[PDB]
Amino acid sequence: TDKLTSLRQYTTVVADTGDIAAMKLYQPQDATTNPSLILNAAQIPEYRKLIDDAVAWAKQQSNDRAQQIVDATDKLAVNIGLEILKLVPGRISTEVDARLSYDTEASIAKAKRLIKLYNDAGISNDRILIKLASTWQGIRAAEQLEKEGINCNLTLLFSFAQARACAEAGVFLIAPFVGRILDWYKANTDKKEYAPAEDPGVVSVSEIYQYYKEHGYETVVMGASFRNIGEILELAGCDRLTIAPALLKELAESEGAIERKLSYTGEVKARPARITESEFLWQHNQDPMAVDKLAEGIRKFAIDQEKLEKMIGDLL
């Protein structure tokens, strides 16, 4: 059989894209999107209808251009999620404005607003995951949202400190990046080539997976951002893995069953005391890679958010 089919025995497959064409081809359980993918998806000709519906809907909600651009931008993200939900049995991950990453209150409000839009379309909370950056503020926002029945996807996770704080906050799911960690080491280290087993991103996720299962945490671990299938195969057994269409294609075209790599067969151990903000900040900043990548990821998603608003703006 093919690799994709083989991987499904050990890991739940998730598609990382806003393009419905991939949902039909690989039939993933869930789908994830982010600001960059939403911007690209808005370029797809067949999605024109979704944009027009968003704009039209926005103009019917208020007569304030400022509010219309925000309403139109949020509605478009939701409209794309709605199309995807028609093709997947699981959940859709929609990300909140990255410009609010360091504002707990604003992030909670934005998250509830997105949930509201999905509910207005008849979609219940169990089919959605609100995506927030894993800053201390985002984690505190997520802890509150989960208590109110809103499940979260904590993304842009790079340091172990972030992984621990997320588990202690009881978030529904974390999406530690693998590929971006590799990118940092390739650009800031002499070693430009890594064997799958020594790939820094793979090592990071493996260690997080162990820590989570070892302590009985229920938070779903979902590896994200891949540079090659080698990273994916090395993480076979991870709860879930969200993969770009290009890599999904490679997996489905390669023959040969694979073996489970990530497993925890021991007994659950007692959980330590909760990490405080000071300890979190100290530990996170001890990681040069994590420091650079978290801030960078937030900057890029913010820029793409702005580019989308610009685009929507020229349509009002």
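All residue numbers refer to positions in the sequence shown, first residue = 1.
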query	finding
Mean temperature factor over C-alpha atoms, higher-scoring stretch between 277 to 285 and 36 to 44	36 to 44
Selected stretch [higher average CA B-factor]: 267 to 275 or 58 to 66	58 to 66
Member of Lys110, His215, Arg127, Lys191 with the greatest C-alpha B factor (per the PDB record)	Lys191
C-alpha B-factor winner, where the candidates are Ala302, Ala295, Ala21, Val13	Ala21
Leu247 by Cα B-factor - lowest, middle or highest third of the modelled chain	middle
Chain-wide C-alpha B factor ranking for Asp103, given as lowest, middle or highest third	lowest
For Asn119, the third of its chain into which the C-alpha B factor falls	middle
Chain-wide C-alpha B factor ranking for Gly138, given as lowest, middle or highest third	lowest
Position of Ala187 among the chain's modelled residues by C-alpha B-factor, lowest, middle or highest third	highest
